[PDB]
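Note: the block below is start_22.pdb and it holds PDB, C-alpha atoms.
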```
MODEL        1
ATOM      1  CA  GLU I   1       0.135 184.304  14.545  1.00  0.00           C
ATOM      2  CA  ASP I   2       1.074 187.825  15.702  1.00  0.00           C
ATOM      3  CA  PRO I   3      -0.891 189.912  18.307  1.00  0.00           C
ATOM      4  CA  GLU I   4      -1.581 192.192  15.308  1.00  0.00           C
ATOM      5  CA  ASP I   5      -3.947 189.675  13.648  1.00  0.00           C
ATOM      6  CA  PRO I   6      -7.706 190.131  14.458  1.00  0.00           C
ATOM      7  CA  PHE I   7      -8.342 186.420  15.158  1.00  0.00           C
ATOM      8  CA  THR I   8      -5.044 186.131  17.107  1.00  0.00           C
ATOM      9  CA  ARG I   9      -5.665 189.020  19.551  1.00  0.00           C
ATOM     10  CA  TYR I  10      -9.257 187.702  19.709  1.00  0.00           C
ATOM     11  CA  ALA I  11      -7.875 184.271  20.708  1.00  0.00           C
ATOM     12  CA  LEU I  12      -5.694 185.902  23.409  1.00  0.00           C
ATOM     13  CA  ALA I  13      -8.905 187.550  24.689  1.00  0.00           C
ATOM     14  CA  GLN I  14     -10.377 184.037  25.051  1.00  0.00           C
ATOM     15  CA  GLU I  15      -7.132 182.888  26.739  1.00  0.00           C
ATOM     16  CA  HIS I  16      -7.587 185.674  29.328  1.00  0.00           C
ATOM     17  CA  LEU I  17     -11.142 184.401  30.013  1.00  0.00           C
ATOM     18  CA  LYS I  18      -9.635 180.906  30.499  1.00  0.00           C
ATOM     19  CA  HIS I  19      -7.451 182.469  33.239  1.00  0.00           C
ATOM     20  CA  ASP I  20     -10.547 184.397  34.475  1.00  0.00           C
ATOM     21  CA  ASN I  21      -8.957 187.732  33.403  1.00  0.00           C
ATOM     22  CA  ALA I  22     -12.371 189.163  32.411  1.00  0.00           C
ATOM     23  CA  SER I  23     -11.356 192.868  32.362  1.00  0.00           C
ATOM     24  CA  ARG I  24      -8.187 192.171  30.327  1.00  0.00           C
ATOM     25  CA  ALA I  25     -10.215 190.103  27.823  1.00  0.00           C
ATOM     26  CA  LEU I  26     -12.924 192.806  27.769  1.00  0.00           C
ATOM     27  CA  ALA I  27     -10.336 195.455  26.832  1.00  0.00           C
ATOM     28  CA  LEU I  28      -9.225 193.272  23.876  1.00  0.00           C
ATOM     29  CA  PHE I  29     -12.840 192.738  22.698  1.00  0.00           C
ATOM     30  CA  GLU I  30     -13.549 196.495  22.969  1.00  0.00           C
ATOM     31  CA  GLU I  31     -10.235 197.029  21.128  1.00  0.00           C
ATOM     32  CA  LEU I  32     -11.414 194.715  18.312  1.00  0.00           C
ATOM     33  CA  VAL I  33     -14.498 196.965  17.953  1.00  0.00           C
ATOM     34  CA  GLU I  34     -12.343 200.074  17.267  1.00  0.00           C
ATOM     35  CA  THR I  35      -9.821 198.148  15.084  1.00  0.00           C
ATOM     36  CA  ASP I  36     -12.016 195.676  13.132  1.00  0.00           C
ATOM     37  CA  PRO I  37     -15.746 196.701  13.378  1.00  0.00           C
ATOM     38  CA  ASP I  38     -16.595 194.080  10.711  1.00  0.00           C
ATOM     39  CA  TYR I  39     -15.214 191.256  12.906  1.00  0.00           C
ATOM     40  CA  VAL I  40     -18.525 189.641  13.981  1.00  0.00           C
ATOM     41  CA  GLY I  41     -16.841 187.100  16.302  1.00  0.00           C
ATOM     42  CA  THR I  42     -15.999 190.055  18.575  1.00  0.00           C
ATOM     43  CA  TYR I  43     -19.605 191.262  19.013  1.00  0.00           C
ATOM     44  CA  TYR I  44     -20.909 187.767  19.887  1.00  0.00           C
ATOM     45  CA  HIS I  45     -18.415 186.948  22.681  1.00  0.00           C
ATOM     46  CA  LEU I  46     -18.153 190.613  23.789  1.00  0.00           C
ATOM     47  CA  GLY I  47     -21.898 190.573  24.462  1.00  0.00           C
ATOM     48  CA  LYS I  48     -21.605 187.253  26.340  1.00  0.00           C
ATOM     49  CA  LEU I  49     -18.869 188.820  28.504  1.00  0.00           C
ATOM     50  CA  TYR I  50     -21.087 191.865  29.196  1.00  0.00           C
ATOM     51  CA  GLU I  51     -23.806 189.406  30.335  1.00  0.00           C
ATOM     52  CA  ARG I  52     -21.291 187.815  32.747  1.00  0.00           C
ATOM     53  CA  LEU I  53     -20.427 191.316  34.036  1.00  0.00           C
ATOM     54  CA  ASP I  54     -24.160 192.087  34.590  1.00  0.00           C
ATOM     55  CA  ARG I  55     -23.887 194.672  31.758  1.00  0.00           C
ATOM     56  CA  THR I  56     -27.146 193.383  30.185  1.00  0.00           C
ATOM     57  CA  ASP I  57     -28.030 196.649  28.375  1.00  0.00           C
ATOM     58  CA  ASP I  58     -24.452 196.969  27.024  1.00  0.00           C
ATOM     59  CA  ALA I  59     -24.652 193.329  25.844  1.00  0.00           C
ATOM     60  CA  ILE I  60     -27.960 193.900  23.998  1.00  0.00           C
ATOM     61  CA  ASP I  61     -26.456 197.006  22.323  1.00  0.00           C
ATOM     62  CA  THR I  62     -23.367 194.972  21.307  1.00  0.00           C
ATOM     63  CA  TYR I  63     -25.635 192.270  19.812  1.00  0.00           C
ATOM     64  CA  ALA I  64     -27.625 194.962  17.941  1.00  0.00           C
ATOM     65  CA  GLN I  65     -24.401 196.232  16.319  1.00  0.00           C
ATOM     66  CA  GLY I  66     -23.508 192.573  15.763  1.00  0.00           C
ATOM     67  CA  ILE I  67     -26.779 191.946  13.889  1.00  0.00           C
ATOM     68  CA  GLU I  68     -26.109 194.846  11.497  1.00  0.00           C
ATOM     69  CA  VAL I  69     -22.438 193.966  10.806  1.00  0.00           C
ATOM     70  CA  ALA I  70     -23.378 190.246  10.637  1.00  0.00           C
ATOM     71  CA  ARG I  71     -25.859 190.589   7.742  1.00  0.00           C
ATOM     72  CA  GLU I  72     -23.817 193.258   5.884  1.00  0.00           C
ATOM     73  CA  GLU I  73     -20.193 192.112   6.459  1.00  0.00           C
ATOM     74  CA  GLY I  74     -20.500 188.566   7.867  1.00  0.00           C
ATOM     75  CA  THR I  75     -23.173 185.919   7.158  1.00  0.00           C
ATOM     76  CA  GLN I  76     -26.785 184.924   7.962  1.00  0.00           C
ATOM     77  CA  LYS I  77     -25.445 182.228  10.343  1.00  0.00           C
ATOM     78  CA  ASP I  78     -24.040 184.766  12.840  1.00  0.00           C
ATOM     79  CA  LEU I  79     -27.003 187.073  12.132  1.00  0.00           C
ATOM     80  CA  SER I  80     -29.401 184.389  13.451  1.00  0.00           C
ATOM     81  CA  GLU I  81     -27.198 183.589  16.487  1.00  0.00           C
ATOM     82  CA  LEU I  82     -26.888 187.293  17.441  1.00  0.00           C
ATOM     83  CA  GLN I  83     -30.628 187.988  16.999  1.00  0.00           C
ATOM     84  CA  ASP I  84     -31.377 184.981  19.250  1.00  0.00           C
ATOM     85  CA  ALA I  85     -28.571 186.066  21.630  1.00  0.00           C
ATOM     86  CA  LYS I  86     -30.066 189.497  22.416  1.00  0.00           C
ATOM     87  CA  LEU I  87     -33.623 188.062  22.395  1.00  0.00           C
ATOM     88  CA  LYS I  88     -32.967 185.541  25.206  1.00  0.00           C
ATOM     89  CA  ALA I  89     -31.044 188.337  26.998  1.00  0.00           C
ATOM     90  CA  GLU I  90     -33.995 190.787  26.823  1.00  0.00           C
ATOM     91  CA  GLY I  91     -36.095 187.926  28.223  1.00  0.00           C
ATOM     92  CA  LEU I  92     -33.756 187.377  31.215  1.00  0.00           C
ATOM     93  CA  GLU I  93     -34.415 190.528  33.290  1.00  0.00           C
ATOM     94  CA  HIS I  94     -37.608 192.632  33.314  1.00  0.00           C
ATOM     95  CA  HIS I  95     -36.217 196.059  32.323  1.00  0.00           C
ATOM     96  CA  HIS I  96     -38.862 198.601  33.387  1.00  0.00           C
ATOM     97  CA  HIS I  97     -40.661 200.012  30.312  1.00  0.00           C
ATOM     98  CA  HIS I  98     -44.102 201.373  31.267  1.00  0.00           C
ATOM     99  CA  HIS I  99     -46.857 200.567  28.712  1.00  0.00           C
TER
ENDMDL
END
```
What is this file in C-alpha coordinates?
Amino acid sequence: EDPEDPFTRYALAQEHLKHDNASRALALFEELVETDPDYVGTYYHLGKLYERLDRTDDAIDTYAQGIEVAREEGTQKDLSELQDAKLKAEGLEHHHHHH
(Lines of atoms letter the chains of each structure in order from A and count residues from 1; the text may use other names and numbers.)
(Lines give C-alpha, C1' and ligand atoms only; values in the text may rest on other atoms or scores of the structure.)
Protein backbone atom coordinates (compact mmCIF):
# COMPACT_ATOMS: atom_id res chain seq x y z
CA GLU A 1 0.00 0.00 0.00
CA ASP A 2 3.04 2.26 -0.52
CA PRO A 3 3.80 4.26 -3.75
CA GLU A 4 6.81 1.90 -3.96
CA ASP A 5 4.66 -1.15 -4.83
CA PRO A 6 4.22 -1.87 -8.61
CA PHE A 7 0.44 -2.42 -8.41
CA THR A 8 0.04 0.57 -6.03
CA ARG A 9 1.81 3.17 -8.22
CA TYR A 10 -0.02 1.51 -11.14
CA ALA A 11 -3.33 2.12 -9.30
CA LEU A 12 -2.37 5.78 -8.72
CA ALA A 13 -1.77 5.99 -12.49
CA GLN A 14 -5.38 4.85 -12.98
CA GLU A 15 -6.51 7.38 -10.33
CA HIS A 16 -4.85 10.15 -12.39
CA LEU A 17 -6.82 8.98 -15.47
CA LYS A 18 -9.99 9.17 -13.33
CA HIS A 19 -9.11 12.85 -12.73
CA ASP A 20 -8.21 13.14 -16.47
CA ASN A 21 -4.50 13.67 -15.58
CA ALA A 22 -3.38 11.75 -18.70
CA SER A 23 0.24 13.03 -18.79
CA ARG A 24 0.77 12.37 -15.05
CA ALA A 25 -0.64 8.83 -15.45
CA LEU A 26 1.47 8.34 -18.60
CA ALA A 27 4.65 9.23 -16.68
CA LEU A 28 3.78 6.55 -14.07
CA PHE A 29 3.11 3.90 -16.77
CA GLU A 30 6.40 4.77 -18.52
CA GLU A 31 8.03 4.64 -15.06
CA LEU A 32 6.63 1.12 -14.52
CA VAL A 33 8.36 0.09 -17.78
CA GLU A 34 11.81 1.13 -16.46
CA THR A 35 11.14 -0.22 -12.92
CA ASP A 36 9.15 -3.44 -13.54
CA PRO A 37 9.44 -4.50 -17.26
CA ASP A 38 7.76 -7.84 -16.39
CA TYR A 39 4.61 -6.04 -15.13
CA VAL A 40 2.24 -6.85 -18.03
CA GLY A 41 -0.63 -4.74 -16.62
CA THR A 42 1.49 -1.67 -17.45
CA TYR A 43 1.90 -2.47 -21.17
CA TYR A 44 -1.84 -3.10 -21.69
CA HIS A 45 -3.14 0.18 -20.18
CA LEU A 46 -0.06 2.16 -21.33
CA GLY A 47 -0.91 1.20 -24.92
CA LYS A 48 -4.58 2.16 -24.39
CA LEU A 49 -3.41 5.56 -23.10
CA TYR A 50 -1.16 6.01 -26.17
CA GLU A 51 -4.25 5.29 -28.33
CA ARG A 52 -6.13 8.05 -26.46
CA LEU A 53 -3.17 10.40 -27.09
CA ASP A 54 -3.22 9.54 -30.84
CA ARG A 55 0.17 7.80 -30.33
CA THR A 56 -1.02 4.76 -32.37
CA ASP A 57 2.48 3.61 -33.43
CA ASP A 58 3.79 3.97 -29.84
CA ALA A 59 0.76 1.96 -28.62
CA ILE A 60 1.39 -0.88 -31.11
CA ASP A 61 5.07 -0.97 -30.04
CA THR A 62 4.00 -1.09 -26.36
CA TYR A 63 1.63 -4.00 -27.14
CA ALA A 64 4.45 -5.80 -29.02
CA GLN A 65 6.67 -5.59 -25.92
CA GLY A 66 3.59 -6.61 -23.92
CA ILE A 67 3.12 -9.75 -26.05
CA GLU A 68 6.72 -10.87 -25.42
CA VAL A 69 6.71 -10.18 -21.64
CA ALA A 70 3.16 -11.63 -21.41
CA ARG A 71 4.05 -15.11 -22.74
CA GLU A 72 7.47 -15.24 -20.99
CA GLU A 73 6.78 -13.53 -17.62
CA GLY A 74 2.96 -13.29 -17.41
CA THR A 75 0.32 -15.66 -18.84
CA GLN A 76 -1.44 -16.68 -22.09
CA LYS A 77 -4.53 -14.70 -20.97
CA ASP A 78 -2.78 -11.31 -21.26
CA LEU A 79 -0.86 -12.58 -24.31
CA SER A 80 -4.17 -13.07 -26.18
CA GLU A 81 -5.58 -9.69 -25.03
CA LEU A 82 -2.40 -7.82 -26.09
CA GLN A 83 -2.19 -9.57 -29.49
CA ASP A 84 -5.86 -8.64 -30.11
CA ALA A 85 -5.20 -5.13 -28.70
CA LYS A 86 -2.50 -4.21 -31.26
CA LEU A 87 -4.39 -6.04 -34.05
CA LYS A 88 -7.56 -3.92 -33.74
CA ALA A 89 -5.26 -0.87 -33.39
CA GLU A 90 -3.38 -1.64 -36.65
CA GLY A 91 -6.84 -1.97 -38.24
CA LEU A 92 -7.98 1.48 -37.01
CA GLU A 93 -5.84 3.80 -39.18
CA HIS A 94 -4.39 3.03 -42.63
CA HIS A 95 -0.66 3.57 -41.98
CA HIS A 96 0.94 4.04 -45.42
CA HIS A 97 2.99 0.95 -46.37
CA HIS A 98 3.40 0.71 -50.16
CA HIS A 99 3.07 -2.86 -51.53
Where does the PyMOL selection byres ((chain I and resi 56-70) around 7) land in this file, that is, which residues does it pick, as an mmCIF file with C-alpha atoms, in the frame of the given file?
```
data_model
loop_
_atom_site.group_PDB
_atom_site.id
_atom_site.type_symbol
_atom_site.label_atom_id
_atom_site.label_comp_id
_atom_site.auth_asym_id
_atom_site.auth_seq_id
_atom_site.Cartn_x
_atom_site.Cartn_y
_atom_site.Cartn_z
ATOM 1 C CA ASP I 38 -16.595 194.080 10.711
ATOM 2 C CA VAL I 40 -18.525 189.641 13.981
ATOM 3 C CA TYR I 43 -19.605 191.262 19.013
ATOM 4 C CA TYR I 44 -20.909 187.767 19.887
ATOM 5 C CA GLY I 47 -21.898 190.573 24.462
ATOM 6 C CA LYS I 48 -21.605 187.253 26.340
ATOM 7 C CA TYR I 50 -21.087 191.865 29.196
ATOM 8 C CA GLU I 51 -23.806 189.406 30.335
ATOM 9 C CA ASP I 54 -24.160 192.087 34.590
ATOM 10 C CA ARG I 55 -23.887 194.672 31.758
ATOM 11 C CA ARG I 71 -25.859 190.589 7.742
ATOM 12 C CA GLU I 72 -23.817 193.258 5.884
ATOM 13 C CA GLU I 73 -20.193 192.112 6.459
ATOM 14 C CA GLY I 74 -20.500 188.566 7.867
ATOM 15 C CA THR I 75 -23.173 185.919 7.158
ATOM 16 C CA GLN I 76 -26.785 184.924 7.962
ATOM 17 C CA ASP I 78 -24.040 184.766 12.840
ATOM 18 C CA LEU I 79 -27.003 187.073 12.132
ATOM 19 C CA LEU I 82 -26.888 187.293 17.441
ATOM 20 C CA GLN I 83 -30.628 187.988 16.999
ATOM 21 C CA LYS I 86 -30.066 189.497 22.416
#
```
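Picture a line from atom CA of residue I:81 to atom CA of residue I:39; it runs 14.7 Å.
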Quiz item: For this file, the PyMOL selection byres ((chain I and resi 8-13) around 8) selects which residues, as a ChimeraX atom specification?
Solution: /I:1-7,14-17,24-26,28-29,32,42
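One distance worth recording is that between atom CA of residue I:98 and atom CA of residue I:84, which is 24.0 Å.
One distance worth recording is that between atom CA of residue I:46 and atom CA of residue I:22, which is 10.5 Å.
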